[PDB]
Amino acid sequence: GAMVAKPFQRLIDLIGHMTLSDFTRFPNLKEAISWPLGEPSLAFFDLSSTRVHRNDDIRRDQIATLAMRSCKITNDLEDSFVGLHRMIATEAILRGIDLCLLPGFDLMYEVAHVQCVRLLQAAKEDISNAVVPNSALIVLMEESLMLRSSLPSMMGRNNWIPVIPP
């Protein structure tokens, strides 16, 4: 059916035009977008943005592939969507994200939402290590500012574990 809201749509649409190296240059941010695939990816942003020109015919295949790679079920497409929905809920519970926002109708949006929450918590740690801001970092700073005033609960728990340098 339809979701009750899509709180991070605007941020998603900004991130969908950025590039992977705008995030991978910062250690905590890199880790933020390395869930759920086990490598840094903007693919869920790309499929969720309202600004990205995509082709509908191949959307369905891309979504299937992303689900299968996330949860590692490849033998049944519907099991893999269940599997990805489970990953979403698992991470959202840890992040303190309200599960009413994530009913599993638009799994691409839901992963990007959870990644946004990860990014906003991760940015604080990179900033307190005095990284050099780029426009990706500034966008995250601005969204946090807006939320601290509007609806601080949308950012979840302040429980990001800092990445340790190699």
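In this text, residue numbers run from 1 along the sequence as written.
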(request) May I ask you to compare 114-122 and 132-140 by their mean CA B factor in the entry and name the higher one? (result) 132-140
(request) On mean C-alpha B-factor from the PDB entry, just flag whether 22-30 or 105-113 is the higher one. (result) 22-30
(request) Just grab whichever of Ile127, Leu37, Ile97, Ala67 has the top CA B-factor as deposited. (result) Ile127
(request) Would you check the entry's CA temperature factor for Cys71 and let me know if it's in the chain's lowest, middle or highest third? (result) middle
(request) Can you work out whether the C-alpha temperature factor of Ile164 puts it in the lowest, middle or highest third of the chain? (result) highest
(message) What third of the chain does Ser150 rank in for C-alpha temperature factor, lowest, middle or highest?
(response) middle
(request) State the tercile, meaning the lowest, middle or highest third, of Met3 with respect to the CA B-factors recorded for its chain. (result) middle
